[PDB]
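*Asks:* Chains A and B, in that order, give the protein sequences.
By the count of UniProt numbering, the first sequence reaches residue 598 at its end, each step adding exactly one.
By the count of UniProt numbering, the second sequence reaches residue 598 at its end, each step adding exactly one.
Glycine included, C-beta positions come from ideal geometry on N, C-alpha and C.
There are 2 protein chains.
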Amino acid sequence: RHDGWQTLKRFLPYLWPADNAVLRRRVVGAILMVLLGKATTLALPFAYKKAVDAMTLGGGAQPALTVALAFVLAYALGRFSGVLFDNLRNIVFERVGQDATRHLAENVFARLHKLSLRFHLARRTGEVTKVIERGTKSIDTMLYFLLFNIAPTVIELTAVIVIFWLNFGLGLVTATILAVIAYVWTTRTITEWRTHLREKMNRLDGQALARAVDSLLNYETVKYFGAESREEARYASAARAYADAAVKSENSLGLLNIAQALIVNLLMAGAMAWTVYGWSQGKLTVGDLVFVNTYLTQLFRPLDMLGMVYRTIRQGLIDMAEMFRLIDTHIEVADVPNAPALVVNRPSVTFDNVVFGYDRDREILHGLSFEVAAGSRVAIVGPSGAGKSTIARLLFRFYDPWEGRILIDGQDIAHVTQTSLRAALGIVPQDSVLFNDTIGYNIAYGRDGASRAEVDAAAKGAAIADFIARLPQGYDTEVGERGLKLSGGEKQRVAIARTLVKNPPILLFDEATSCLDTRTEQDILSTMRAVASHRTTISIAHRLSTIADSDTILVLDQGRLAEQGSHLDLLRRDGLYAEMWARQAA
Amino acid sequence: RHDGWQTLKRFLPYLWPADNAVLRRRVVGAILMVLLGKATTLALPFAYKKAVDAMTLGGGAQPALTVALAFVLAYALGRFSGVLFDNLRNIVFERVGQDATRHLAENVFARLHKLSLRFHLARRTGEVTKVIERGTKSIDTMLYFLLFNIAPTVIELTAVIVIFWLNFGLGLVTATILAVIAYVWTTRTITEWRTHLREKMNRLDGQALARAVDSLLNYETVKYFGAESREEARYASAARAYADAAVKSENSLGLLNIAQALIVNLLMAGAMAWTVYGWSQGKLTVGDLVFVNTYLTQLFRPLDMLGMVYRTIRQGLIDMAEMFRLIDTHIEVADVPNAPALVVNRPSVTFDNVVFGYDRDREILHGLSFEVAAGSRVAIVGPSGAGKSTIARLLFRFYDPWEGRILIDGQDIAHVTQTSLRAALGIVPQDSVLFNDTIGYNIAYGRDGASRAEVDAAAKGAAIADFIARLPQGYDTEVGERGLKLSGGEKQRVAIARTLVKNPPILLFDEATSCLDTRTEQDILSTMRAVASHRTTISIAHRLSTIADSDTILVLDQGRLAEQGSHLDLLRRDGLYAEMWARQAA
Ligand SMILES: Nc1ncnc2c1ncn2[C@@H]1O[C@H](COP(=O)(O)OP(=O)(O)O)[C@@H](O)[C@H]1O
Ligand SMILES: Nc1ncnc2c1ncn2[C@@H]1O[C@H](COP(=O)(O)OP(=O)(O)O)[C@@H](O)[C@H]1O
Ligand SMILES: [Mg+2]
Ligand SMILES: [Mg+2]
């Protein structure tokens, strides 16, 4: 049983790359700068003590000031050299720190892309925004505070213990040890209490800000129902709660600082009083008193932030463990063990006794079996909740069937590589998304090495090349958010051009026209009929009139195949498809 | 320059609430605690200097050991009392600070709700989240640093100048003043340079995080086209750019700290050398050396944060000026001074020669005039660019016509109060949004004092009460984002129930069923026909079959009224409406 250390040890390869010489040399130089700065900050109070002694004794300077002048100049130069070494170590190590955190983030990103519905379960705007906005900052803060506050403070504490032992290590060493122990214990307990209060304050702040954002984003609704006063009172109550929580949190912070100062000042009083008492017996000089003062101040100056340091290090460790846990996530999606590549020569589709559900307590597909001939035009229709979008998702193997299988060209898609499987399939879903880039990039996204000629051919096949030609920047016009806005038909056409760039043998149109206007619907339906020239096409449409010209139609009811056949045959059977068509006919 | 001064002058009423009591006593107590803490931190180095003097001389009315012990105990007690006074001032002032920031945020929110057009111009995704998350933070840090670091430092600097003059020579004062001036100047220049580099770093960080979020949110699309490697490389390039920018920023911070330490330690060397030189000539005592040391350290330790303080003060002033500008924003559509409340006795609608456009360079409504009789069921149809949603928006007076007007019950809507006008109108738009709360709240949002019984009646009239009854938590079920997800039909039903709770005499259905399924479409169309019992109803639909039963049909083309009449009459006319109906016949 062990954590924390384990986590830091897994992180250490990122800090210690063993692939970049320069970075290891920089880590060594940073440690050397740590040592130099600590040595200088320990040496300068000795210089101050010797200057004071020269002012109170005769020393080795005949005017006695020369030694004092030299030593006060040495004290000032030591302060400057300590700060210089600290900033030099920061400068040298910052590159290694940034590179380590960047590599960790890249690994987490690459693993996230491999997870496949670990997100479909949780894709809340708040969760995504919070995670992606916090991840790097938490680690940066934890790493910096740990490496450049705990280790330097530990080194300084050990060196101060040694020096304090050599020079009256009878009682002051015990006193400083007791003071450090009490300080750390009190800081830790009060910091845990303060972290509880801080979490409550942060929750209230998030609630108030979320209420404000929801109000401003729904301004149209507020005006529609005249709820300005109600929303104002709501936000005012939330802000009052947040203010009370913040007041209590800052009062707890004040108590923490008061206790810290009490401990520190008790140690200072004891040490200085004991030192001057020893001076009265002639044991020690006054420079020893100033020495003790400066040593204690230099020791406890980093510990002033100790509560914040502890809290931030804890949070960073938690978040780093979270990142490693995300990396150590099993991929339920595909087995693909030594899988051979899928070779689609005749693009047929087979559903063999497919039984599937999202959760074990509810069941969707009760043994659905059907055949889609290669090159045929097939439609998939059904009422709400029929599960045809689940058919679309299972064809791409977003899930694996519990009891059944899916075949492409007669080959089970569960036994082939995901790359070859998804390379043979193109899909245009109901809600098509555009990347935040130029139209040229959005169209070329279909294939990696996509050339300009292929992009032009796809824009021509999607009947959108003329629309792009009329744009001022042409293919370099940025679309999506923070860019040029496109109509729903334009988004669907860009998606069609993307899938054409991909050029897959099998195509799925999942309610492509479900939210377009009738003119645009007819235009893009003609475009889709044109694009279905030499491909196997499956059109999952809600409106039956849009797919009446299909080679065959599959009617789904309650997750099973109720009816199959051509439009005229299904109408003549006077069944479920005929009932739906009759309802929609007028 | 002077904008920050005007900003602080505008803020001062919030900090010092002239017309307000008790919080002013809190402010006075906080200032008194500031004064006590500064006095104690100035007094303790005198105790240290006198302790050193007692240790270096052999005289004194009382035993040198007694006086030395008393003075070191006084020094420790002064340190403790200074920290105690600082924490007490923080605790006392936190209430006033939180209340002032809350009142500022409330005023900004209230003024933001009283603006109509500027929302659409500023709807960027990062825009809203960034401003809402950052405004209060910026104000808080700037206020804290100003009131508790700069002003105490100014008091301490004046007191240190006075004490150095009274107890030391004109030259120590001259040197410390020149050093403070050089420190401030260097800090200012380097902090401006650092703010430039830091802004570049933040922009690159935002770009990298936005790329990561866009990749992860479009995971389905990335899998559709097998672009995992491309997305990884894009994120890696963005992260490398961000890492380089961060490295340069932290190197600039190191340079700033190096310059600050150089100035401070040059002043320290000069002052200490001058003090020991004056002591060697008998001008000053040896305790004066430690006195000067402690005074300079206590003065310049808070100035270590001067760069961050300056940057935060600048950002807070900018953001506060921006908030005050938001409060001092002119309303486009403002009420007339003595506007009477709208009295709807006969809910007719009249558009007389309405000419309107969003921008003066483009024009949408080319003098549209029409009459909607009270209690009648009217439909408004047209192509995608006809501009009928602009009719819907102008009915609610989101804008004012350029040349023309709109009447409700014979009264110009531009001459009545906005509240009564919008209270007399209810609207169900195509994309209805839910507030982040329970369904009971989402339905009761129609009216302020909406009861649970009114919610039940509205859910019954919207044919959604049974759907809510089958939910486990019933009306207390949280819906919308970060909650239970509802289908488009369910959201439209909740919106209809909301408008029913409002119970307005005039209803507008703006393409409410354009994205619903057929069974839900028929159910919600029957619901709309039912709820139109004693109300004037205007149904703006693109699909003619959904509004064929309307009393009359208004056909819009190119922003003008092309055809008017009933469904049968317009079909008989064989015009534009007949052409659209024939095209849709399918
Ligand atoms: N992420 C999910 N978690 C749980 N249940 C789901 C999820 N997605 C879909 N379902 C359920 O599975 C069913 C699948 O039907 P669906 O494919 O949506 O039909 P259609 O394609 O006609 O809308 C739906 O009724 C829905 O209730
Ligand atoms: N906020 C806006 N600023 C500028 N132009 C707009 C804005 N909103 C819409 N438009 C343009 O004005 C026209 C208004 O049409 P609209 O009434 O939205 O059509 P519909 O009634 O079919 O929704 C649209 O063609 C659109 O291009
Ligand atoms: Mg679907
Ligand atoms: Mg509209």
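1) Are the CB atoms of residue 458(B) and residue 237(A) within a distance shorter than 8 Å?
2) Quick one: which unbroken beta strand (DSSP E) runs of 3-plus residues sit fully inside the region 371-433 of chain A? Chain order, please.
3) Within 10 angstroms of its Cβ, does residue 378(A) collect 16 or more other Cβ (buried), or is it exposed?
4) Answer yes or no: the CB of residue 503(A) versus the heavy atoms of ligand 2, is any distance below 7 Å?
5) So what does DSSP say about residue 460(B), is it helix, strand or coil?
6) Are residue 380(A) and residue 366(A) close, meaning C-beta to C-beta below 8 Å?
7) For the region 67-138 of chain B, which segments carrying the alpha helix (DSSP H) assignment without a break, of at least 4 residues, lie completely within its bounds, in sequence order?
8) Could you check what DSSP says for residue 557(B) in three-state terms: helix, strand or coil?
9) Determine, using beta carbons only, whether residue 471(B) and residue 462(B) come nearer to each other than 8 Å.
10) Using only the alpha-carbon positions, how far apart do residue 518(B) and residue 548(B) sit?
11) Please go through the same chain and pick out, in chain order, the residues whose beta-carbon is closer than 8 Å to the beta-carbon of residue 357(A), but skip the five residues on each side of it.
12) Determine which residues of the region 124-135 of chain B have a Cβ less than 7 Å from any Cβ of chain A, and write them out in chain order.
13) How long is the line joining the alpha carbons of residue 239(B) and residue 122(A), rounded to whole angstroms?
14) Please compile the residues from chain B whose C-beta is within a distance smaller than 7 Å of the C-beta of residue 107(A).
15) Does residue 343(A) come out as helix, strand or coil in the three-state DSSP assignment?
16) What's the C-alpha gap between residue 506(B) and residue 227(A)?
17) In whole angstroms, give me the CA-to-CA distance for residue 98(A) and residue 46(A).
18) Using CA coordinates, which residue listed in 290(A), 298(A) and 206(A) is at the minimum distance from residue 266(A)?
19) Taking the alpha-carbon positions, what's the residue 259(B) to residue 319(B) distance?
20) Cβ-heavy atom distance between residue 400(A) and ligand 3 below 7 Å?
21) Along the alpha helix (DSSP H) that carries residue 223(A), what are the first and last residues, could you check?
22) Quick one: is residue 205(B) near chain A, going by C-beta distance under 8 Å?
23) May I have the straight-line CA-CA distance separating residue 135(B) from residue 262(B), to the nearest angstrom?
24) Kindly examine ligand 2 and report whether one of its heavy atoms sits closer than 7 Å to the Cβ of residue 371(B).
25) Helix, strand or coil for residue 305(B)? Go by DSSP, reduced to three states.
26) Would DSSP call residue 9(A) helix, strand or coil?
27) Along the region 319-344 of chain B, what residues have a CB closer than 8 Å to any CB found in chain A?
28) Can you tell me whether residue 183(B) is buried or exposed, with buried defined as 16 or more other CB within 10 angstroms of its CB?
29) Keeping to the same chain, check which residues put their C-beta closer than 6 Å to that of residue 343(A); ignore five residues upstream and five downstream.
30) Three or more C-beta pairs under 8 Å: does that hold for the region 83-95 of chain B against the region 321-329 of chain A?
31) Say the cut is 7 Å; is the CB of residue 522(B) nearer than that to a heavy atom of ligand 4?
32) Report the rounded CA-to-CA distance for residue 281(A) versus residue 309(A), giving the unit in angstroms.
33) Residues in the region 261-284 of chain B with C-beta within 7 Å of chain A's C-beta atoms, listed in sequence order?
34) Roughly how many angstroms separate the alpha carbons of residue 395(B) and residue 534(A), rounded to a whole number?
35) Since residue 439(A) meets chain B, which of its residues come closer than 7 Å, beta carbon to beta carbon?
36) Is any beta-carbon of chain B found at less than 8 Å from that of residue 51(A)?
*Replies:* According to the structure shown:
1) Yes, they are a contact pair.
2) Within the region 371-433 of chain A, the complete beta strand (DSSP E) runs of at least 3 residues are 377-384, 389-393 and 415-420.
3) With fewer than 16 other Cβ atoms within 10 Å, it is exposed.
4) Distance from the C-beta of residue 503(A) to the nearest heavy atom of ligand 2 is not below 7 Å.
5) DSSP, reduced to helix, strand and coil, places residue 460(B) outside both helices and strands of the structure shown, so it counts as coil.
6) A contact, by the Cβ cut-off of 8 Å.
7) Fully enclosed alpha helix (DSSP H) runs of 4 or longer: 76-125 and 130-133.
8) Helix at residue 557(B).
9) In this structure, residue 462(B) does not lie closer than 8 Å to residue 471(B) by Cβ.
10) Answer to the nearest angstrom: the Cα atoms are 5 Å apart.
11) Cβ neighbours of residue 357(A) within its own chain (closer than 8 Å, five residues either side excluded): 421.
12) Of all residues in the region 124-135 of chain B, 124, 125 and 131 have a Cβ within less than 7 Å of some Cβ in chain A.
13) So the two alpha carbons sit approximately 12 Å from each other.
14) Within chain B, the residues near residue 107(A) are 259.
15) In this structure, residue 343(A) counts as coil in the three-state DSSP scheme.
16) Each residue's Cα considered, the two are about 18 Å apart.
17) Using only the alpha carbons, I get a separation of about 7 Å.
18) Checking every option, the nearest Cα to that of residue 266(A) belongs to 206(A).
19) Taking the straight line joining both Cα atoms gives about 18 Å.
20) Residue 400(A): yes, Cβ under 7 Å from ligand 3.
21) 184-229 is the span of the alpha helix (DSSP H), which, as asked, contains residue 223(A).
22) Output row for residue 205(B): interface = no.
23) Distance between the alpha carbons of residue 135(B) and residue 262(B): 34 Å.
24) True, at least one ligand heavy atom lies under 7 Å from that Cβ.
25) Residue 305(B): helix per DSSP, three-state reduction.
26) Only positions 13 to 598 of chain A appear in this structure, which leaves residue 9(A) out of reach.
27) Cβ contacts with chain A: none found.
28) Per the 10 Å Cβ criterion, exposed.
29) Leaving aside the five residues that flank residue 343(A) on each side, the residues in its chain whose CB is nearer than 6 Å to its CB run, in chain order, 126.
30) Contact check between the region 83-95 of chain B and the region 321-329 of chain A: fewer than three CB pairs, one atom from each, fall below 8 Å, which does not count as touching.
31) Because some heavy atom of ligand 4 lies under 7 Å away, the Cβ of residue 522(B) counts as near it: yes.
32) The alpha-carbon atoms of residue 281(A) and residue 309(A) are separated by roughly 12 Å.
33) Answer in chain order: 262, 263, 266, 269, 270, 273, 274, 277, 280, 281 and 284.
34) Spanning the alpha carbons of residue 395(B) and residue 534(A) requires a straight line of approximately 14 Å.
35) Around residue 439(A), the beta-carbon contacts reaching into chain B at under 7 Å are 236.
36) Not an interface residue.
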